[PDB]
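The chain contents come next:
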Amino acid sequence: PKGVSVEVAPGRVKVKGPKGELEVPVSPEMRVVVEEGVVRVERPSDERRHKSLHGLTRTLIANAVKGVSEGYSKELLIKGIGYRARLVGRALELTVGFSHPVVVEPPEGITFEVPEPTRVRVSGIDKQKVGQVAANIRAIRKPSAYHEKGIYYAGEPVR
Amino acid sequence: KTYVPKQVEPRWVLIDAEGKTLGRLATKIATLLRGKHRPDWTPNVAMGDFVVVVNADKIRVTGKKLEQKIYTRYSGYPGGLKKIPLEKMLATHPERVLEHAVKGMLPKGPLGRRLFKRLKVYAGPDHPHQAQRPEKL
Amino acid sequence: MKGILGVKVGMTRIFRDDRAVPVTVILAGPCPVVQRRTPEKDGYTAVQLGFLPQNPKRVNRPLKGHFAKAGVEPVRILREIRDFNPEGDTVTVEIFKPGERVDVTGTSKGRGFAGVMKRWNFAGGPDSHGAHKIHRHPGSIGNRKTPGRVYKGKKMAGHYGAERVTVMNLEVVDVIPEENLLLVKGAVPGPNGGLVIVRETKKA
RNA sequence: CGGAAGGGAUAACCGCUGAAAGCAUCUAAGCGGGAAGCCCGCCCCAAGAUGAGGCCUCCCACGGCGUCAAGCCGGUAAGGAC
RNA sequence: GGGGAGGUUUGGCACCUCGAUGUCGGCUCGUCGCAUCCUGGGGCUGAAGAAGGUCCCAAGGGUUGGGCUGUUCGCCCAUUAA
RNA sequence: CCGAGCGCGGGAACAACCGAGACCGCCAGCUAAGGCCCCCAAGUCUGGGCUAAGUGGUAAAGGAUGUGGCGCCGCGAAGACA
């Protein structure tokens, strides 16, 4: 957590960083020990349900910080014949197959650029929004279960 | 020959709800709805503290009741069984959930219906600042 | 939520370009905004239109204070269009451009104490081979023992007509400011000389 | 002319982040999408909604017995009825 | 080969009813159930597409006119989203 | 045991299930089954564990990283599981 600003609250934890600051409401029944330049979490037992709540907010926070450290960037590949992307301003329009070319709305806290009409990045301070926004884009045109057309990740096709 | 009390003056009571478990708050509300707490007790004359409740829309209820609890109201026509859970109850007229709880724990009959005009539930808080309001816990 | 009152003068048909448009005629003789409804002190919004002039003879009722309060010639009838607040004056037919579609309420023709065959286009029985005491009868009404009651609202012989009804999405065909008439699509409840309210439609 | 549109909560189901369990998991915290079905929406009923509502406007003291008590008697106001 | 569920089938027992509980089939009027015929929503597929198979969700609505037959049933005929 | 105790208490209601053999009186007390948050008399009594399904609030074969609890075996700081 270099250049961060971890803080304490009744039921949440704020994350100050170059990118910005995001609310991250964590578990109530834990410790949010903030040392000099390191952040830890302790659990008030060793129960079945406390193990889960410990490791959960032990990463979620490691992400709350990693959200304003270097920022996320979720790729999305486009394959096909007419299939090609196009950033119309801050929003992304694309032609995939349907009669009309659908336009993607800008979600708050997420600006998506483009390397190719075939490659599609998705920045985002929160890692929750980054994956949510990016899956919704795969939704529009889900992979050709017989060819190789539509939306993809860097995660192997279907064939 | 046992005492048989005379005329009395009602004692309206200011009761919260914020945090208070449903039935738990339901019971006491009703036990007070009559006079089982007043040894000046009489099981037919009706002299229960006018129970008044604010912020009723703020009642915690156990397990998964909210999504689970199902209030059933039947009309006369077929399929007239309208099924309505807590979730819908709270978001609409919330004060009503803590109503049927208490009315459904009161003596069922004539004076029982008397022991209902005594019940003054609301959502706000705020209520008829009227004349009496003894805040109970 | 536009809204204007009127009556049912009568109906015939016209010819648009070269095709025939069977029309009915509504009458929105200038209507006086008699009272309005501000949630501020009412609980909602709605403007009560008055209708049809009236000699202060039957107006002897305390309604006269009510008109004189709103500086309104003493009408004969008045109802509430929902959330229809125009401006400090009165509403003509200028409200409805020709073509606009209208929802049209109205009270239906009272068909007395009518029969099942009539009320509920029931089937009754066979004009033929037996019984000859049921030819316009309802038939059976229930089951054997269970339940042993009859369904609340089992279509049976009662009154048919004289009920509030609406008919909707109607093409206002023409509008006559010159003399306050309203052309629609023809099928509009109630008899002639019949009171009826009309308002902007439910399409979107 | 209508069966809608559309708003919301969902069924099976598809998903984001993610422990327990160094991986993974649609989940146990949190979140999103998802039926002609559910809830509004539409139309009609509706304050005997004895919990009898609200809004605008109009009339307005005793005229006599009942001291104390609610009452009781003829005339009246708005207006209603015949 | 095993375990059930339902209480529509054929029975079993003879409990109420023999100082009477009118049985089949149709017409009329239906109502309810889901284990869904169709229309809407899904998983899989030995799913290219179209089509179809199976499981799941789902009663809201719809579920045809005749030939024969006392028929319920079924066969057939012309359709049907069914 | 009912029948002949459809007299009483409990079991919601229910001759035969648990309780108990009604001679009459009482606005006296102990108890039984049974219960003790409210409809309802009397503990929201004390103490320790379990269950998260509304299980409780009534079903079987059969199925599973449900939860807690107690044991056996292989592997590992000469470095394993992932």
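Here the numbering of residues is sequential along each chain, from 1 in written sequence order, and it may depart from the entry's numbering. Residues without coordinates do not appear. Chains and ligands are labelled sequentially in the order written, the chains with letters from A and the ligands with numbers from 1. For these chains, which sit within a larger assembly, all listed values pertain solely to the part presented. To get the side-chain values, take all heavy atoms of the structure and skip hydrogens and water.

- Going by the header, the method for this PDB entry is X-ray crystallography, and the resolution given is 3.8 Å.

### Structural notes on the protein's contact with RNA strand F
All names here are of chain B.
- By nearness alone, 15 residues border RNA strand F, and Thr2, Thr27, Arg34, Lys36 and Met105 come closest of all.
- Whether a residue is near a molecule or strand is decided by its heavy atoms; if any one of them lies within 4 Å of it, the residue is near. The contact atoms of RNA strand F, taken as those within 4 Å of the protein, divide so that sugar and phosphate hold 64%.
- Definition of a polar contact: a pair of N or O atoms within 3.5 Å, with one able to donate and the other able to accept a hydrogen when the atoms are protein atoms, and with sequence-neighbouring residues admitted only if both atoms are side-chain atoms. The side chain of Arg24 places a nitrogen or oxygen atom 2.9 Å from a base nitrogen of RNA strand F.
- Within the contact set of RNA strand F, a phosphate oxygen lies 2.9 Å away from a side-chain nitrogen or oxygen of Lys64.
- Runs of E in the DSSP output that reach at least two residues are strands. Runs of H or I that reach at least four are helices, and both are numbered from the N terminus. Those elements that provide at least two residues to the surface near RNA strand F are α1 (22–31) and α2 (65–68).
- Here the element with the most residues in the surface near RNA strand F is α1; it accounts for three residues.

### Comments concerning the side chain of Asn180 of chain C
- For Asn180 of chain C, the position within the fold is in the loop between β11 (175–176) and β12 (181–183).
- Contact criterion: two residues are considered in contact whenever any of their non-hydrogen atoms come within 4.5 Å of each other. Those residues in contact with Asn180 of chain C, other than ones at most four positions away along the chain, are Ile26, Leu27, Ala28, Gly29, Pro30, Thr92 and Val93 of chain C.

### Overview of the protein's contact with RNA strand E
- Around RNA strand E, 13 residues are found, and the nearest of them are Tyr146 of chain A together with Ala123, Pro138, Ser140 and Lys154 of chain C.
- Take the atoms of RNA strand E that sit within 4 Å of the protein: sugar and phosphate atoms are 82% of them.
- Take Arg144 of chain C: an N or O atom from its side chain is 3.1 Å from a sugar or linking oxygen of RNA strand E.
- Class assignment for the residues of the surface near RNA strand E results in six nonpolar, four polar and three charged. Classes in brief: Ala, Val, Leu, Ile, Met, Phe, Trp, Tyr, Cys and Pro nonpolar; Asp, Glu, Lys and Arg charged; the others, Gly included, polar.

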